[PDB]
Amino acid sequence: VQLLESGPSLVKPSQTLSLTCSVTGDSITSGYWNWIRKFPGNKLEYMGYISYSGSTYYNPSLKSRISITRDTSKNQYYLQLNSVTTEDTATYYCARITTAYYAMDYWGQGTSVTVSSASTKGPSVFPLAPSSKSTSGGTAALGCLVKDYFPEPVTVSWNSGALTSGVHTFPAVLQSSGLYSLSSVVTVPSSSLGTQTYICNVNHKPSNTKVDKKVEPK
Amino acid sequence: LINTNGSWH
Amino acid sequence: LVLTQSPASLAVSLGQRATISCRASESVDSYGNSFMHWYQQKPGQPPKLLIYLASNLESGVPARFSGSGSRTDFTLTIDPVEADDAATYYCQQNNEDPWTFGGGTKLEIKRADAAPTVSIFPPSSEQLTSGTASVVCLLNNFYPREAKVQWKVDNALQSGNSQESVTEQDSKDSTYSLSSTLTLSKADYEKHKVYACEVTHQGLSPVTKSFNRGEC
C-alpha cells in the first residue's frame, strides 16, 4: 500500500486549495480514504474521508468549505478546500482506514501548503567550508547554508543520500524579509577532507529548483 | 462494521 | 467530544517507564471495541500507527509499547523506553463525530550531560559577492537542550542581527544540535576583524569560538 499526495505548495488567500492522493497496492473501492493536516505548532486535525461507496464524512468545523471526491478508474481521490486563509497553512496527509484496524495505518509523506500572497523564490546555496575552526579531535564539521527561499519546504541530502551518518538539517528560520533560511551540517573525519567528495543536494520543489553544491575545505 | 457520518455500526 | 492528552511533555531516562494518558469527555466504545488509537510522529515523517483499538499492537511495533483502558480513560506505556522513542505521541478517537486527535505529548529522553562541540564558519566568498555576510555558529551534539549563544564582533555584543534553530532529539545518542546565523552587510563585515560566538551550557565555563578575518 502506497499513498502519494500532489498539489500546489503556495495558494493565495480566499482561493481554493486542491490536492490529489494517488493510491497503489489497493483499490479505493475498499475501505475509507482520509485527509489529515498538521498545522504549524504540531496540532493535528482530521478533515474527512470518502468511503468505498462514494459517501463522505466531514469535520463539522470544515464541512462548509470542504469537498472530497474520487476517481475509481485512476485509484485517486481529491481534497478541495475553498476560501483558504493563512490559518490553512499546514502539511496535508492522506491515509487509509480498513475494518481490520479501524485506524489510519498507511499514510503518505505529507504535502506542505502555505497560504500567502507572496511570490515563490528559489534559494541561494552557500558552502559552510570545513576548516581548523570547525574541526575537533579528528572530526571536521561542514555543511551548506540554504538562504532566502519561499515558501517551505526545502529538503537536503548529502552525496545523493550516500551520506546519512552525522547529518543535521536544522529547522528553517523566517527572516525579516519574508524569506526562509536554512542550514544543514554533517560531521566527517578530518583525514577524509582530502580524498572524499562531499556534496549537499538541496531540493526546493515549490520553485522547481534543485541545487547540488560541492563543499571543500578552506 | 461500516461507518456513516462518523459512527460505526 | 474532547480528548485531553496528559501530560503535554515528559522527560524519562533510558530504560525507565513512560506513561501517557488520554481522557475523553464521552465514551469512545461501541460494539465491543474501544475506538482509541495511538500514533507516533517524528519530524519529516507521517504519523505511525502503534496501537489500534486501545490495546492492540500494530505489526512490527516492539512489545515495549502497550496500551490499556476503556470508555473515557486510556494510557500508553513504553517500558523500557529507548533512544529511538523520542517523539511526539497522539491519541485519536473515531467512535463518533467529530473525529479528533489529542493535543500530543512530546517525549524527551534523559541522558547524561554532553557539552557541545562548537564550530564556527565564516561567510563564503561567493556570498560576499552578493553584498551580504552570514556568519554561522554550530553547537553539535549536546544535552540538555538549554543553551545560550551570544555573538560578539570586536568584543561588542550583537542584538537584533542573529537567529537560531535547534534540531529535535537525536534518535541514537539523544543529543540536540543548534545552528546560529549572524547576518551583516558585506560593508559592515569588512570593518571588523574578531568574530566570536560565546556559548553558555550546563555541561561546560563559557567557551568563546571565534575567527579573525584574513588570518587563518
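Structure values in brief
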{"quantity": "Three-way shape call for the range A:97-200 based on the alpha-carbon gyration tensor, with the a/c threshold at 1.5", "calculated": "oblate"}
{"quantity": "Protection proxy ranking of A:189-201, A:142-154, C:37-49 - average other beta-carbon atoms within 10 Å, highest first", "calculated": "A:142-154, C:37-49, A:189-201"}
{"quantity": "Overall form of the range C:49-102 per C-alpha gyration tensor (a/c, 1.5; a/b vs b/c)", "calculated": "prolate"}
{"quantity": "Long-range amide H partners of residue A:11 with built H, under 5 Å", "calculated": "A:114, A:115, A:116"}
{"quantity": "Test item: Cα-centred dipole of the protein assembly as shown, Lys/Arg +1 and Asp/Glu -1 on Cβ, debye", "calculated": "760"}
{"quantity": "Gyration tensor over alpha-carbon atoms, the range C:144-184, equivalent ellipsoid semi-axes in Å", "calculated": "26, 10, 7"}
{"quantity": "Residue order, fewest to most beta carbons within 10 Å, for C:21, A:30, C:34", "calculated": "A:30, C:21, C:34"}
{"quantity": "Inter-label distance, nm, simple model (7 Å from Cα along the C-beta direction), residue C:53/residue A:75", "calculated": "2.7"}
{"quantity": "Residue-averaged [θ]222 nm for the protein assembly as shown, counting only DSSP H segments that reach four residues, each worth -39500 (n - 2.57)", "calculated": "-500 deg cm²/dmol"}
{"quantity": "Fewest-first ranking of C:201, C:192, using other Cβ atoms within 10 Å as the exposure measure", "calculated": "C:192, C:201"}
{"quantity": "Alpha carbon convex hull of the range A:149-218, projected area averaged over orientations, nm²", "calculated": "5.3"}
{"quantity": "Principal axis dimensions, the range A:1-117 - Cα atoms, whole angstrom, descending", "calculated": "41, 26, 25"}
{"quantity": "Cα-projected label distance for residue C:4 with residue C:155, points at 7 Å along beta-carbon direction, nm", "calculated": "5.7"}
{"quantity": "Kirkwood Rh in Å, taken over the range C:1-111 so that all alpha-carbon pairs contribute", "calculated": "13.9"}
{"quantity": "Peptide-level mean, for C:138-146, of C-beta atoms on other protein chains within 10 Å", "calculated": "2"}
{"quantity": "Backbone HN-Hα couplings from phi across the range A:180-188 [Karplus 6.51/-1.76/1.60, Hz, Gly and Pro as x]", "calculated": "7, 9, 9, 9, 10, 9, 9, 10, 9"}
{"quantity": "log₁₀ of I(q)/I(0) at q = 0.18 Å⁻¹ - the range C:52-191, Debye sum with one point per alpha carbon", "calculated": "-1.03"}
{"quantity": "Residue A:86-residue A:191 FRET efficiency (beta carbon distance; Förster radius 60 Å; 0.05 resolution)", "calculated": "0.75"}
{"quantity": "Cβ crowding within 10 Å averaged over residues, with A:120-133, A:72-85 ranked highest first", "calculated": "A:120-133, A:72-85"}
{"quantity": "Student exercise, the range C:112-213 dipole from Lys, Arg, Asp, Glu Cβ charges, in Debye to nearest 20", "calculated": "320"}
{"quantity": "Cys with no candidate disulfide partner in chain C (beta-carbon separation under 4.7 Å rule)", "calculated": "C:216"}
{"quantity": "Two-decimal log10 I(q)/I(0) for the protein assembly as shown, as the Debye equation yields it once each C-alpha is a single scatterer, q = 0.11, 0.12, 0.13 Å⁻¹", "calculated": "-0.95, -1.08, -1.20"}
{"quantity": "Partners for residue A:43 among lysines (Cα-Cα distance below 18 Å; same-chain residues under 8 apart left out)", "calculated": "C:42, C:48, C:106"}
{"quantity": "Candidate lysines - alpha carbon under 26 Å from residue C:191, same-chain residues fewer than 8 apart omitted", "calculated": "A:133, A:147, A:218, C:152, C:209"}
{"quantity": "Average beta carbon contacts from partner chains per residue of C:50-57, 10 Å cutoff", "calculated": "2"}
{"quantity": "Proxy reagent accessibility, fewest Cβ within 10 Å first, across C:99, B:8", "calculated": "B:8, C:99"}
{"quantity": "Alpha carbon Rg of chain A, scaled by the compact-globule rule 2.2 N^0.38 Å", "calculated": "1.22"}
{"quantity": "Geometric extent, Cα atoms of the range C:112-213 - Rg, Dmax (angstrom)", "calculated": "14.2, 44"}
{"quantity": "Size of charge dipole - the range C:1-111 - debye, nearest 20, with Cβ of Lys, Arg +1 and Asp, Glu -1, no other charges", "calculated": "380"}
{"quantity": "Within 10 Å of each Cβ in A:166-175, the average number of Cβ atoms from other chains", "calculated": "5"}
{"quantity": "Mean separation of Cα contacts under 8 Å, 6 or more apart, over the residue count of chain A: relative contact order %", "calculated": "19"}
{"quantity": "DSSP-defined beta bridges in chain A - what % are antiparallel, rounded to 5", "calculated": "95"}
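Each value in this text was obtained by applying a stated rule to the coordinates, not by laboratory testing. Neighbour counts run over all protein chains shown; Cβ positions are idealised from the backbone, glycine included.
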